[PDB]
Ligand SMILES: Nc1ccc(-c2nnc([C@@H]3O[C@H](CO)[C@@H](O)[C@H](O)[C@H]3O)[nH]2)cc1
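Okay, so here's just one chain, in structure tokens, the form deposited without this ligand.
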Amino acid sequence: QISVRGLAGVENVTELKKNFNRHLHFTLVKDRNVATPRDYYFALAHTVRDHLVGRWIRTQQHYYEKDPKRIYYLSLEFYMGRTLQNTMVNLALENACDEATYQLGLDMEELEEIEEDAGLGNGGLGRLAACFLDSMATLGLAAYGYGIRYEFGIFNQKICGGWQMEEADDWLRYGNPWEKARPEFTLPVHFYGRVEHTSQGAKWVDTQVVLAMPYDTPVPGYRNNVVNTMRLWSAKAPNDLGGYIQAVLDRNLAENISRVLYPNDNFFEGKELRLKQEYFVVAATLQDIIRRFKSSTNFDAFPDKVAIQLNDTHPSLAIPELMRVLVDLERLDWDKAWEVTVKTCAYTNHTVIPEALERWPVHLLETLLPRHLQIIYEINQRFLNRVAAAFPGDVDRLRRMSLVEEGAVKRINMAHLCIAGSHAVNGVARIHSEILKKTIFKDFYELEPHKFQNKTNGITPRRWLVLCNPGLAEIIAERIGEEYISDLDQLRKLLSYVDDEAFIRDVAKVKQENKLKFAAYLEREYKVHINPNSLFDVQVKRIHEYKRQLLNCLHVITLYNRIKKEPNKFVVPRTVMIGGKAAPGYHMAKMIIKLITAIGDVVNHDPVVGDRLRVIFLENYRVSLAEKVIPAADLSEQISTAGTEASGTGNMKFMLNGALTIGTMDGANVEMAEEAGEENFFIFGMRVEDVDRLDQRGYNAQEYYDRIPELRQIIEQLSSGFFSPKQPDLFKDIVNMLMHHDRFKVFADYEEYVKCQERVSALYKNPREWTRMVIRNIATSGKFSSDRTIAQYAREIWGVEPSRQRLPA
């Protein structure tokens, strides 16, 4: 149908249909008369999967031959989403399969909706891991993603009475056609036990053993015939034992390690099961890495053949684990082992929020990982000796830099451990990386300035443009070709069409079609009722106080009160859409969701408002839902308090898909505004410096309450029970928090936010100019491609050169 989806050859379509029927018959064991859409989805899935295997086997064979430096990306999260369409896109089979399925009397995009999301992540951090695997494969890097195969990913969110309800996400129920179990490569992982010191060295004994079974999933590069591997570990008990029965039933205890993903976004919870997950993935991955290395005995060349990237501190145990293996098993001397470890490891920091920092109680590590605690203490001692030698007499510095935090309960600061054992430490956006050097890690930056770098996040243009917005990818290709898909910088050529009347018409037309399609889905599923002509105001991301969905709520209420104030006055109609999940134990986040639905209950049924304002809460926000709502958005809400959102990635997705952005100078927003020009961005609120000055004199919410009539009115409505008639004090926690314990200064940005919002309503009533500004955003979003991000990691951290060279098909 459209150019960017490849061609549908006669020979190709015919071969596809043949294999489709083969799988339906032999693989699914079904006939056309009993098959359901699900069966058809699977037949197609296995059909596409077949085209991957040849390339997968050749790619791995290629790496074995050339033996290039290997890149290992360790993460406890890989927010993959659906795999069917992304595979067709990267293999250029989309139109062929679409045709083939058409000829068999089936609607392909109906089948695509049947696929379950691989929701093995919480949000930003996990999606970044997913975009990275895609870019690394597209750039010909010999990379491997290593993680855990959770049988239950992020919970499915349901709203009952306006409240969030969590439901188990049983994504493996009907099977996963993309994975290949590899029981033959099962590895043992040890826990507990004790340490014995002999004349030969230290020995970790009397440990409990848990087996790690790997499952490999193919990661296809963009039309270069490269297929990398994502290896996920699953926990299994040894066959070798209350009673015979109970012993068999207690095997579940060991296998619970890979049972479910901890649903916390940017929040640390020191539970033992979580620590086990962290060590489990690290211990299994390193044995696999060393094994593959020995099949290419001095490890002096180890860092020339291996690079280990730590996605946050979650897999930080890789550092002492690597030392344990090199020292205890291979028997290299400490200093040699340490040198190799630092040259091999790199750490990526994702937030400066204190409650997200991993600090493990020493008594936990002591019981669960005896030898690792000893190694950590040893690392700390040698590290502190260096600090003392560089800053003689600075005793407070020693205490601040220690990997060990003193107090009622001793803890290990995993971030300090990562900095000490890595040759590189990077933030995820320029402003975030600076903040790391100026505040949180100032002492470390002073000792080893060379370790600190910046690597601004990015998103993959394949899934976030071609796959989810074919219409836009097409009209762009028409003007500048398809080369941009693997080189986003080329989108700048679109700057010459900003005054092109035809282009302006097409951009606006694609947006309109996307809105109509989403408006339909919103009514087809969830029986709702939006107006496709209104401005689509959307804020989708995990529910958090620092992300300030509450500030958005205050705007919505302000808009509503102004309409009731002057009903016959004209106002640009809007459809305000807020979506995202709240961690199960985050009370305030759960209240915010209930408040959003409560506002919707009042606003959406007030006859005076009509279809001028609607407040929709998007249920179960996930990768597949993001692919639908983002292309249909007009306005992207990125309003975190300056200094709190390390980078953000959702912001980039919206820029690439034609939405204008209203946000604070935080995270990557700064660089985005910088790339597109501040005039083409809706910036407002305090800058980082303003927040600091305010914390200086002390933030008093009362002040804003007394000086802003409209703000006062909103709080009073909340307190009196205007949005909760049957439970007048339902939102007392929210009001109390905003008035007395607001760590994120919501009130401080209210005035400028409302004014700025008026500025967007004004630009929207002039279609031509709004679209032209949109074109300036899309045209300058090239820098936010994860291909650019990965190319910088490769050259500045891993020491490998990216390659666009097509691999033999």
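All residue numbers are counted from 1 along the displayed sequence.
The next section is about a form of this same protein that is not shown, the form solved in complex with this ligand.
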Segment assignment from 319-327, 604-612, 640-648, 550-558: heavy atom within 4.5 Å of this ligand in the deposited bound form = 640-648
Taking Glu77, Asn266 and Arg274 as the candidate spot, are all three within 4.5 angstroms of this ligand in the deposited bound form by heavy atoms?
-> yes
Given that the partner is absent here, does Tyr546 sit within 4.5 Å of this ligand in the deposited bound form, heavy atoms only?
-> yes
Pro461, heavy atom within 4.5 angstroms of this ligand in the deposited bound form = no
Although this ligand is absent from this view, report whether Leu128 comes within 4.5 Å of it in the deposited bound form, heavy atoms only.
-> yes
Partner contact for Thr351 in the deposited bound form: this ligand, 4.5 angstroms, heavy atom | yes
Tell me, out of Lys594, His372, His314, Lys451, which residue has a non-hydrogen atom within 4.5 angstroms of this ligand in the deposited bound form.
-> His314
From the list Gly145, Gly663, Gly124, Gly119, which entry has a heavy atom within 4.5 Å of this ligand in the deposited bound form?
-> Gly124
When this ligand is considered in the deposited bound form, the residues of 455-485 having a heavy atom within 4.5 Å of it are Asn457
